[PDB]
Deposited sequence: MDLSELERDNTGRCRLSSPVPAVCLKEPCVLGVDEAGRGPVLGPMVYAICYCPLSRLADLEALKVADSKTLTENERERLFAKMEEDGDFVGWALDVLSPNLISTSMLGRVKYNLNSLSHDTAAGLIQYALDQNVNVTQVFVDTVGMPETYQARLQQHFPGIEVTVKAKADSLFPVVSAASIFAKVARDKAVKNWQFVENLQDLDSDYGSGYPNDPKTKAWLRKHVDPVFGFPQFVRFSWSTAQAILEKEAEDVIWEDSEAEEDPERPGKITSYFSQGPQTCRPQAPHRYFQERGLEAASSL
């Protein structure tokens, strides 16, 4: 696993011969807490009618789970793959000396999951990717990378194409099984897991982070250190840390000087 973690269903045989259509979507782009999940759902152009039903446009946690199992049942034709990204990998990526923002971390993650499908010999002929605002530049980078297929990027994709609507579901469902798994362990180890929504705009989430600042180390793994809310709390609550980027010659070249101090 290491930083990220990929979970995947075996490729249904139909998908290796029949022309396929693929849907890319995510969950967890925005919280301070927990992972960011990416999901691809693919299915034959012929079997699109079967998915037109399991398509919304909202759908509660219970209904999401139900629709997730309904798709998981019909694994004879619907294929899926997930890449669950840790708050730590998100922290480390964005806090490198080399700038590497969420959007880049996000989309590179989309590229890999679409690439996985290709490497699995899924007869992908058309990809649809959901986005947040202005789809253009995203289509440009994505189409340029995948020149053998049509790549469509629309902000309303989770509402236009059932395959994106399905990818939205696995991603949301995986995002909730991952936070429940952390909560379960938290509670086992008698730790406080009452954070709230997970978003930095939540008074209860803000409160939780404030109650959880080790002066030396800051927060536990779960916290996306790279978030401004996260950083801002560490500036007020933890010890100040200065990083690398915030003859008389020999000793100067090694960093050596005499001890007057002692």
| query | finding |
| --- | --- |
| Regions left out of the model, expressed as runs of the deposited sequence counted from 1 | 1-9, 67-69, 259-285 |
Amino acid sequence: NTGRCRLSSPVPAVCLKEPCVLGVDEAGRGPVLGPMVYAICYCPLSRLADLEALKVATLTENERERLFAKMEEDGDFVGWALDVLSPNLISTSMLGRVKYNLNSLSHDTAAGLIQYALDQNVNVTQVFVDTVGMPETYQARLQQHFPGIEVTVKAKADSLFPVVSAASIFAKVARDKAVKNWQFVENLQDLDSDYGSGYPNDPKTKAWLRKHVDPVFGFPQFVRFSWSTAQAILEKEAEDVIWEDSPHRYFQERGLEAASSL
From here on, numbers count along this sequence of modelled residues.
| item | value |
| --- | --- |
| Between 112-120 and 76-84 (mean CA B-factor, as deposited), the higher | 76-84 |
| Selected stretch [higher average CA B-factor]: 17-25 or 250-258 | 250-258 |
| C-alpha B-factor winner, where the candidates are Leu59, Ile233, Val37, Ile40 | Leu59 |
| From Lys204, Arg224, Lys211, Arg64, residue of greatest CA B-factor | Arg64 |
| Chain-relative CA temperature factor third for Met134 | highest |
| Position of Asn103 among the chain's modelled residues by C-alpha B-factor, lowest, middle or highest third | lowest |
| Third of chain Cα B-factors occupied by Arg175 | middle |
| Lowest, middle or highest third - CA B-factor, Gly148 | middle |
| Chain-wide C-alpha B factor ranking for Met71, given as lowest, middle or highest third | highest |
